[PDB]
Structures are given as C-alpha cells and as structure tokens.
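Coordinate inspection notes
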Amino acid sequence: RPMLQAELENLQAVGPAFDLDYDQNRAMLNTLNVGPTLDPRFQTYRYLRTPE
Amino acid sequence: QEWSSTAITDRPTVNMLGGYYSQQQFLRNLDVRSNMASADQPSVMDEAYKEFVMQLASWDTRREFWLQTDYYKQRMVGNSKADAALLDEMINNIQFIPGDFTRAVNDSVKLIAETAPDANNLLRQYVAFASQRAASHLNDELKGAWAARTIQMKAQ
Amino acid sequence: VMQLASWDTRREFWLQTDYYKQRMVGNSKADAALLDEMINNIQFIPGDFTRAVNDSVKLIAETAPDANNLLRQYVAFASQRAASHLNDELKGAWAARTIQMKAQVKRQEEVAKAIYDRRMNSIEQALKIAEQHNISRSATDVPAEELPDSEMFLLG
Amino acid sequence: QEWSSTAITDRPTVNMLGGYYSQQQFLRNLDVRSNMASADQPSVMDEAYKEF
C-alpha cells in the first residue's frame, strides 16, 4: 500500500511521458508558428542580354 | 515605324532571391524529413525562373502591363472598340521565344514600339513587371505551403 | 560558356576597349551602330561531344595583331566575369547555409532546455512526494538514476 | 455572327486548393506508411488539373 500509493501520487504529479521526437516536433512547430518572412521585390531572373 | 528591342534572360542567382531562397529551403527540409518527396527535384532558382517564364509569356501579363504603361493611355481615342483593338495589337506586339538547351539557346522576349527609346524602356519595364508578378506569386505559394506544413505539424 | 556567349559581356568588353574608343566619331547614332556591329564580330560556336568537337569563339577585327590581342582580352574578360559570378553564388549559398545551421543549433538548444526543465520538475515532485511519505531509506530499486520520471520516487 | 473567345489555363496552386490539398496530403501519408504508395507520383495540383 505505501509504495503503490507513492507511485500513484508520483505518476499523477509528473504527468504523461514524452520522448525526444515530441520535443523536436514542438521546437519545429515553434519555429513554424513565427510565420515566413515575405520580402517582395526580389528578382526572379538574370539578364544574359539586356534590352537596348 | 515599328522599332524592336530584344532581351535574353536566365535563372536568377542565389543572392537575388533575397530571403525567399532560404525560406523555401527550410520548407524543403521538412518535405525531406517527413513525407519523402525530394526525388532530386529542381533547385529553388529553377522554380523561380519557371514561374518568371510563365509570367513573361502570359497573355494576361502583357494585357495588364499595357493597360498601365502610360504609352497605351496616350494612344486612346475614347472609343471602346478602337481602344480594345489597339490593346490587342500591342499585346500581340510582345513576343516570347522559348529556348531549348540542345543548341544552347536561352529564352528571349521581343518588344515592338513606335520609337527606339520606347522599344527599350517598355521592354525593360515589362521584364520588371513580369519579375514582380512572379515574385508575388512565389510569395503566395510560400505562404500556402507554410500554412499547410504548420497545420500538419500541429496535427502530428 | 554562358559569359562567353552573352551579348552583355561582348557589349561591355567592346565598351571598355581602346579599339572601340579610337573608332568613336562623337555621334551617338553612329557610335551605337558601330558598337552593335562590333558586338556581332564575336561569334561563339558551341561544341558537340558526340562529334568530339569543343566550344569555340571567333573574333573579327581590322588587323591581325588586333584580332589576336582582342580575342585574348575578351576570353580573359569573360573568365573574370564568370569567376566573379561564381564567387557571388558561393557567398550566397554560404550565407544560406550558416543561417540554416544557426536555426538548427537554436532548436537543439531549445529542445535540450525543455528536457532539462521537465527532468527538474519531475525530480522536485518526486522529492516532495518522498518527503511526504517519509521514504528516507535512500534505496528502493537496484537500477541507477536513469529511471523514468514517473518512477523517480523509488529513492530516498 | 460567330464570335469567338479563348482561354488558356495551367495547374492550380496550393493557395487556391483550399483545405483540400492538406486533406489529400494527409491521406498520402497514410498511403506511404502502408503499401508505400509511389515515391515518384504526380502532385496534388497535378491530379486536380488533370481532373479539371
């Protein structure tokens, strides 16, 4: 009874157990939540022959 | 008079993609980490240039460029039919010639105006216009892919 | 090769040479016509590996020493431009790589801190529970400290 | 009179696939854990444009 009660209380206090994959996913989600930085007016070509 | 000007383009450099490149790379990383989709896909510069080439040859892009070019607006008589005919003619003035790598010929664009300075300036402005449209479309695509990835990660 | 065949490269090369400068007459139209004529004087013929023929470049001038020196200088010019472009591409890719690595290191630090905080909380709760149940025997299980956070109470 | 008009189309983008894209992607994941699906398969927008 004492050991079982102590284990019950400890498991209740600690909560569910997570692995390294969960923490890595949480960090990646944190970096994803900041959102992309949309910079306009970036060039999508380069000139091999400029108009003249 | 019918003067003509020519431009030849190629894929952008890494430095001229600004931050966009890096952002796109980040998303690609995730597509490699989960839901294997690399398959030695074309680089970010290749996709950006593909979008730019799609915008350059687009009929809608030429129409919208001419509608705000201040060179079409001067040649407007106030008659809807004549204005539409002139707009169609000037849309047909811009021509895109795709290139194939077999004979080492690149994509080219030719513009036709009534004077040489006009033929030069209008072609420069049209290339800038198409590049800006392609950049905006790429930014929208990046936003959509980022939102989808965020939703998937939240669900996981 | 892309720099060699580029119209812009030939234009700038002819602009920076004394061969073109000495032939200028001061009239803008005539100078532009001469520049356009001399740009076409450099012809790049791409090679074909199937026929075991390599890429070639031919330069036309008004004198044999000129035709030799100008071709040598133009090849050096194109090589220098290609080297500069390659350096710019390398710098851009390096910046992208260092940004990505910095982000990855930051994420790793965040993950490690989260795990450390979770273990802190588990140890504190286990200590409080042990002090509540007067478990001061200092030993209840044979394994070492590498116990799950829910089983850390089996220690004094 | 016989007047005529022309339209030219291309594949859609992720942005105007609404939620559908995401849903489809989810299923594709369930199809690569089991049966492996196909590593080299047309994208969601490719299939949407094929149906269109």
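Bear in mind the residue numbers are our own, running from 1 along each chain as written, so they may not match the entry, and residues with no coordinates are left out. The lettering of chains begins at A and the numbering of ligands begins at 1, in the order of writing. Chains on display form part of a larger assembly; values are given for the displayed part and nothing beyond it. With hydrogens and water excluded, all non-hydrogen atoms of the structure serve as input to the side-chain values.

Per the deposited record, the coordinates in this entry were obtained by cryo-EM to a resolution of 2.5 Å.

**What about the overall build of chain C?**
For chain C, the helix and strand inventory stands at five helices and two strands. Across chain C, helices and strands are ordered from the amino to the carboxyl terminus as α-α-α-α-β-β-α. Throughout, the radius of gyration refers to the C-alpha atoms, and the reference size of a globule is 2.2 Å times the residue count to the power 0.38. At 37 Å, chain C has a C-alpha radius of gyration far larger than the 15 Å of a compact globule built from 156 residues. C-alpha extents for chain C along the principal axes are approximately 105 × 45 × 20 Å. Relative accessibility thresholds used throughout: buried, under 20% of the residue-type maximum; exposed, over 50%; partly exposed, between the two (1.4 Å probe, protein chains only). Here chain C holds 156 residues, and 26% of them are scored as buried. We count a stretch as a helix when DSSP gives it H or I for four or more residues in a row; a strand needs E for two or more, and each element gets its number in order from the N terminus.

**Re the interface of chain B and chain A**
For an interface, size is often stated in terms of accessible area lost upon the parts coming together. With 39 residues of chain B at the interface, the matching set in chain A holds 24 residues. Once two parts are joined, some of their accessible surface, as seen by a 1.4 Å probe, is lost; buried area is that loss totalled over both. A buried area of about 2900 Å², summed over both sides, lies between chain B and chain A, and 63% of it is on carbon and sulfur atoms. If you sort the residues of chain B by the area they bury against chain A, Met16, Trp146 and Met153 of chain B come out on top, with a joint share of 18%. Salt bridge, as used here, is a side-chain nitrogen of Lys or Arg placed within 4 Å of a carboxyl oxygen of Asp or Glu. Summed over the shared surface of chain B and chain A, the number is two salt bridges. Across the pair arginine 124 of chain B and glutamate 52 of chain A runs a salt bridge whose closest N-O atoms are separated by 3.0 Å. Contacts described as polar in this section are N or O atom pairs within 3.5 Å, which, within protein, must combine one atom able to donate a hydrogen with one able to accept it, while residues neighboring in sequence count only if both atoms come from side chains. On the surface where chain B and chain A come into contact, there are twelve residue pairs in polar contact. The biggest single contributor to the side of chain B that touches chain A is helix α5 (residues 116-155) of chain B, with 17 residues. When the residues that make up the side of chain B that touches chain A are grouped by side-chain class, the tally is 19 nonpolar, 14 polar and six charged. A pair of strands is treated as paired once DSSP finds two or more bridges between them. Pairing of strand β1 (residues 46-49) of chain A with strand β1 (residues 3-10) of chain B, which is carried by three bridges, proceeds in the antiparallel orientation. Note on β1 of chain B: the bridge partner recorded for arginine 49 of chain A is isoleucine 8 of chain B. Residue contacts are defined here by distance: any two heavy atoms, one from each residue, within 4.5 Å place the two residues in contact. Each residue gets one of three labels, nonpolar for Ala, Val, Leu, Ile, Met, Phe, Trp, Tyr, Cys and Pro, charged for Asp, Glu, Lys and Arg, and polar for the others, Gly among them.

**Points about the packing of helix α1 (residues 20-33) of chain B against helix α2 (residues 44-56) of chain B**
All names here are of chain B. Each axis is a line fitted through C-alpha atoms, taken for helices only over the stretch in contact, and angles between the N-to-C directions span 0 to 180 degrees. Packing of α1 against α2 leaves a shortest axis separation of 10 Å and a crossing angle of 115 degrees. Of the two possible hands of crossing, α1 and α2 adopt the one that is right-handed. Between α1 and α2, the residues in contact are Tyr20, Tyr21, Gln24, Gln25 and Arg28 and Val44, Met45 and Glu47, respectively. For a crossing to be left-handed, the near helix must be turned anticlockwise from the far one by less than a right angle; the clockwise case is right-handed.

**Regarding the interface of chain B and chain C**
Of the residues lining the interface, nine residues belong to chain B; the matching set on chain C comes to eleven residues. Between chain B and chain C, the buried area comes to about 700 Å², and carbon and sulfur atoms account for 62% of it. Among the residues of chain B in contact with chain C, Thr13, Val14 and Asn15 of chain B are the three that bury the most area, contributing 46% of the side total. Our count for the contact surface shared by chain B and chain C stands at zero salt bridges. Joining chain B to chain C, the criterion identifies two residue pairs in polar contact. Per-element accounting of the side of chain B that touches chain C gives the leading share, three residues, to α1 of chain B. A per-class count over the side of chain B that touches chain C returns four nonpolar, three polar and two charged.

**Quick notes on the packing of helix α3 (residues 59-67) of chain B against helix α4 (residues 80-93) of chain B**
Residues and elements named next belong to chain B. Relative to each other, α3 and α4 sit at 120 degrees, their axes nearing to 9 Å. Regarding the angle of α3 to α4, the classification is oblique. α4 is crossed by α3, and the crossing has right-handed handedness. Listed contacts from α4 to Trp59, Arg62, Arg63, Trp66 and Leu67 of α3 are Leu87, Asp88, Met90, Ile91 and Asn92. For the contact of α3 with α4, a count of residues per class yields six nonpolar, one polar and three charged. In what follows, roughly perpendicular refers to angles from 65 to 115 degrees, roughly parallel to angles under 35, roughly antiparallel to angles over 145, and oblique to any angle outside these ranges.

**What to know about the pattern of salt bridges**
Going through the model one piece at a time under the given rule, you end up with 15 salt bridges over all chains. With a closest N to O distance of 3.3 Å, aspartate 100 of chain B and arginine 103 of chain B form a salt bridge. Under the relative-accessibility criterion, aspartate 100 of chain B is labelled partly exposed at 32%. With a relative accessible area of 49%, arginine 103 of chain B lands in the partly exposed category. In this structure, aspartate 48 of chain C and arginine 51 of chain C form a salt bridge, with 3.0 Å as the shortest nitrogen-oxygen distance. Connected through salt bridges with shared partners, the residues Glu52 of chain A, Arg124 of chain B together with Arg11 of chain C form a single ionic network.

**Comments concerning the nonpolar core**
Residue and element names in this part refer to chain B. Membership of the largest hydrophobic core comes to 25 residues, with the highest contact counts inside it found for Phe52, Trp66, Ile94, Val109, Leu111, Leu122 and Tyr126. Contributions of two or more residues to this core are made by α2, α3, α4, β3 (108-113) and α5. It is α5 that contributes the most residues to this core, seven residues altogether. Sequence-distant contacts of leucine 122, defined by excluding residues within four places in its chain, comprise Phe65, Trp66, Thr69, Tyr71, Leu111 and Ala113. The set of buried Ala, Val, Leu, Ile, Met, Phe, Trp, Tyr and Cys residues whose side-chain atoms join them within 4.5 Å is what this entry labels a nonpolar core. With 20 residues, the next largest nonpolar core counts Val14, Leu17, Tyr20 and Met45 among its residues.

**Some thoughts on the environment of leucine 4 of chain C**
Residue and element names in this part refer to chain C. Looking at where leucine 4 falls in the secondary structure, it is placed in helix α1 (residues 2-5). When its relative accessible area of 17% is taken as the criterion, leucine 4 is described as buried. Spatially, the C-alpha atoms of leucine 4 and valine 57 are 8.0 Å apart, while their sequence positions differ by 53 residues. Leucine 4 has contacts with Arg10, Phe44, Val57, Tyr74 and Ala78, leaving out every residue within four places of it along the chain.

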